[PDB]
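Coming up are structure 1 and structure 2: the same protein chain in two forms, each one given alone as structure tokens.
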Structure 1
């Protein structure tokens, strides 16, 4: 393309910069030190690993270009210490430091597109076996999971082992103290409120961990008619509404460290403690994770006394917003249904149901790391494209 063809290349600014004039008449600037740092020759770069061999120690941060020649597709550079580098035009173009270029590349790397939703949610639904079998369907699955925060898979069996197949489709599951997979059912001497018939209000799973699970998989094996409906809410949407309606509540929940705890025995014996802000913001002030499970929020609360009641007042507002008819989406899982969702963004709940002699309700669940999911998503996109 004209955009990726070199019309002129030259060293500028004490030879500390290279400028490319492209044939579309746009110009790009590349710091000399970055070029040297990213020399792709076999001394500096290990092709089989696609990784840098060059040490920081070898880099003169005040380096300038000693010599430069070019043709339409390549730049050829000599450095002051006689090192020699070649850079490809398309490789340079992609890495252009302009905001527009960098932003475009970031979107391609990290799939930032996000669709907020409330009670109007149309639950994205795909077939289980299709997803396992076809890359086009697995791509739709993971891309939708990232964008919308949840996908329902229908047509799985009513037997354990289904979430493990999805785990393999992704890469591998995220092991925790509750196992590689775990059975959500009523249990004698339950080590977790999830393993009872009680109502679960909106929560994220495992805030007791510093790194809570990114993605949750829940497969319905048995369902009861006496209750047990699922409820979800878009935590990012709720946070936006909270900041608007009650900035003071938002400020408290996005700045106060809450202690979470989990003690007991399952995969092995554990005694787990963490601290999270319930609304976790990035350095730009955007919400990147919600960390909230009212069951595992500790009795220990590490704040001064005067901050305690305002925190609870803020928390109540947040929960009231989640429960709003405009915010929450309700549905009931059937045997063979699997839901897969963003556990950093969505909060989920379940309605109480009745206990009985034998098991009337059974889900099998598992977790996955977002980096594992994003890796598979990147690869799938490449295969389908």
Structure 2
């Protein structure tokens, strides 16, 4: 009833079209845009969903010669005698109103996320379920996007589980550490020679210009005492950060920091990058956090007068993350696989207790948000 056309006209100048639907809603469409998106086989390929029409063959000052219509189609003719047909629902979807434009975007990028601090309820799902049923994989990825972390439980106690979640999404993000990477730790109890420390909050691989979108951490076998994992919602924190200290937020969202990483793994390497600890989009919203104090280079490209104030804003930031109001604590169990957003969440670890025995085997991997995102859309279509 809203996708049905009541009145369609080319207005004045013939450079714009007005569609009035049976729900008393009006839409405006630029002729030049209509010409550029003619559904005709000569201009578009339905299969590849690509446009054949060349820009060179596009009169930016084009105007509608004439048009007729019915309830679900608009017929347009142009000066060069070119013919086009547009579907009512196709137009409606692409309405230039602020609301229609906003709605379509929501439908394309799943921008809704749920903020959280220490009151977070860690989402859970079954590893094998996510593999066999799409209803679940959809629940897995859509939750990962909204919340930023999902705990898949019930995986084997051997390597190769993250690889399976890889095929499920599409493919992992190959880095200098390889396709996957195994972490292994073993310290006998009562050993006075060793000393364990905590792990300050961070995001992985900030030494790359395009950091890994999501991380996959499978816990094969783990026997520890106080190695509780900790995590904070970078977005939530940033919001609170500017609200409680604009000066800090300013500096961190505008000062470029250099990150490096040299070594040999999948090959010899030497990476460097410049990132702003708090990256914002052109509209001022936090889109990614880039921070790993261990990889922040000793080189700092900025005038001396900026240095001290910078370290101050960083301090305030790290303190805000450590406040119990921001950090969620939990513990991984053998067979579990953690999956989170590395642009959003910052993770760390508590301090292993005393001289207690510690032994763990973990397998990790990264995935790109474009791959996950693509998978999410295909999956949302299979489930709905």
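Numbering follows the first chain given and starts at 1. The term rigid core refers to the maximal set of C-alpha atoms that superpose within 1.5 Å between the two forms.
The residue among 255, 157, 273, 191 whose Cα moves by 2 angstroms or more between structures 1 and 2, once the core is superposed, is 191. Annotation for residue 62: C-alpha shift under 2 angstroms between structures 1 and 2, rigid core superposed. Superposed on the core, the two forms differ at residue 227: its CA moves 2 Å or more between structures 1 and 2.
With the core held fixed, residue 359 shows a CA shift of 2 Å or greater between structures 1 and 2.
Core superposition places the Cα of residue 43 0.6 Å apart between structures 1 and 2. CA movement of residue 200 between structures 1 and 2 equals 2.1 Å, with the two forms superposed on the rigid core. Superposed on the core, the two forms differ at residue 27, whose C-alpha moves 1.1 Å between structures 1 and 2.
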